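Structure first, then comments.
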Protein chains: 2
Amino acid sequence: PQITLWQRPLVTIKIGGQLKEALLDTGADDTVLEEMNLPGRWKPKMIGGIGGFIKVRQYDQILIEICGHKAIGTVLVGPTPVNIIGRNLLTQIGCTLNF
Amino acid sequence: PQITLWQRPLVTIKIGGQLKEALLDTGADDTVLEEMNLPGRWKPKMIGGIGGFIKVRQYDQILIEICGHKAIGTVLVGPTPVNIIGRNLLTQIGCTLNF
Ligand SMILES: CC(C)CN(C[C@@H](O)[C@H](Cc1ccc(F)cc1)NC(=O)O[C@H]1[C@H]2CO[C@H]3OC[C@@H]1[C@H]3C2)S(=O)(=O)c1ccc2nc(NC3CC3)sc2c1
């Protein structure tokens, strides 16, 4: 689809068997999801944004379905205020900015 | 133009007579720029992101030229780590997401 930006660009995702909403976020390098139950091993990581840093769990080779498009990649899980789909997954579903 | 997301979507802006680079950020409601010299009155505001809040100065009806497109609107100025162009200005230059 084409998405204008008069509202937040929220989409439905399926990850770890669960349905969630997430923001398509071109300003995010990585994908960061609110605390949730994912299986398997992970590695600690710290990421920074406008107000400081947060500690997240890094999961690799995670399957995520984003508005009906499948992608596999790294997902960070931790105390983000909003679920974010970052460029690591936006590139895999073919997402572009246009003006 | 059309912009893919394999790199950060950075663009040149002109604001307050000064040239800067900024991220086209669909995950940002508002536009937030690093400390800089702007003329005129402003109002204090606090905004939140991944790691907490920051205090910014809110300037209204500011002219900004974003990759050669003029827009007028609110610009927030404060300790953001990156210049961000948010949806309040992205809508005025006709920017869309596509996949
Ligand atoms: C540069 C910065 C923009 C990146 N952020 C992406 C922006 O899109 C965030 C998304 C957001 C929305 C709401 C919210 F509550 C919190 C965050 N928006 C944001 O702060 O906006 C603020 C501000 C704008 O006006 C209003 O609208 C939303 C909210 C409010 C005030 S990030 O989330 O910090 C990020 C994400 C992924 C990532 N991956 C990394 N990987 C390391 C490098 C390898 S670093 C890293 C950092």
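In listed order, ligands and their atoms are each counted from 1. First the proteins, then the strands, lettered A, B, ... as listed; each starts at 1. Hydrogens, waters and symmetry mates play no part in the numbers below; they use all other heavy atoms, side chains included.
- Among residue pairs with one or both ends in residues 69-99 of chain A, those qualifying as ring-ring contact (aromatic ring centres under 6.0 Å, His included) are A/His69-B/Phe99, A/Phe99-B/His69; sequence neighbours excluded.
- Atoms of ligand 1 found under 4.0 Å from any heavy atom of B/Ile47 (numbered from 1 in listed order, with element): 31 (C).
- Within the 3.5 Å criterion, the main-chain N or O of A/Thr74 finds a donor-acceptor partner in the side chain of A/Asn88.
- The ligand atoms of ligand 1 that sit less than 4.0 angstrom from a heavy atom of A/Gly49 are 34 (O).
- Looking at A/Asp25 next to ligand 1, an N or O pair under 3.5 Å apart turns up.
- Counting the atoms of ligand 1 from 1 in the order shown, those under 4.0 Å from a heavy atom of A/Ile84 are 33 (O).
- In this structure, A/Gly48 is part of the shell of residues with a heavy atom less than 4.0 angstrom from ligand 1.
- The nearest pair of heavy atoms linking B/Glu35 to B/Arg57 is OE2-NH2, 2.7 Å.
- Among A/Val82, A/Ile54, B/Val82, the residue whose heavy atom lies closest to atom 13 (C) of ligand 1 is A/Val82.
- Atom 27 (O) of ligand 1 has B/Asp29 N, 2.7 Å as its closest protein atom, hydrogens excluded (heavy atom only).
- Using a 4.0 Å cut-off to heavy atoms of A/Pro81, the atoms of ligand 1 that qualify are 14 (C), 15 (F), 16 (C).
- Checked against side-chain contact (heavy atoms from CB on, under 4.5 Å), B/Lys45 has the following partners two or more places apart in sequence or in another chain: B/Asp30, B/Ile47, B/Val56, B/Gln58, B/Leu76.
- Within ligand 1, the atoms closer than 4.0 Å to a non-hydrogen atom of B/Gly27 are 8 (O), 10 (C), 12 (C), 18 (N), 28 (C), numbered from 1 in the order shown.
- The distance criterion of under 3.5 Å between nitrogen or oxygen atoms is not met by B/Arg8 with respect to ligand 1.
- Side-chain atoms of B/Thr96 never come within 3.5 Å of backbone atoms of A/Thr4 as a donor-acceptor pair (strictly under, hydrogens ignored).
- Placement of B/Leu33 and B/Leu90 within a single hydrophobic cluster is found when ILVMFWY residues are connected by side-chain heavy-atom separations under 4.5 Å, directly or transitively.
- Closest heavy-atom approach to atom 32 (S) of ligand 1 among the candidates A/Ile85, B/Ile50, B/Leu23: B/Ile50.
- Side chains of B/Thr26 and A/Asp25: no donor on one and acceptor on the other come within 3.5 Å.
- Here the closest non-hydrogen pair linking B/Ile54 and A/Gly51 is CG2-CA, 4.0 Å.
- Contact annotation: for A/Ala28 versus ligand 1, heavy atoms closer than 4.0 Å belong to both the backbone and the side chain.
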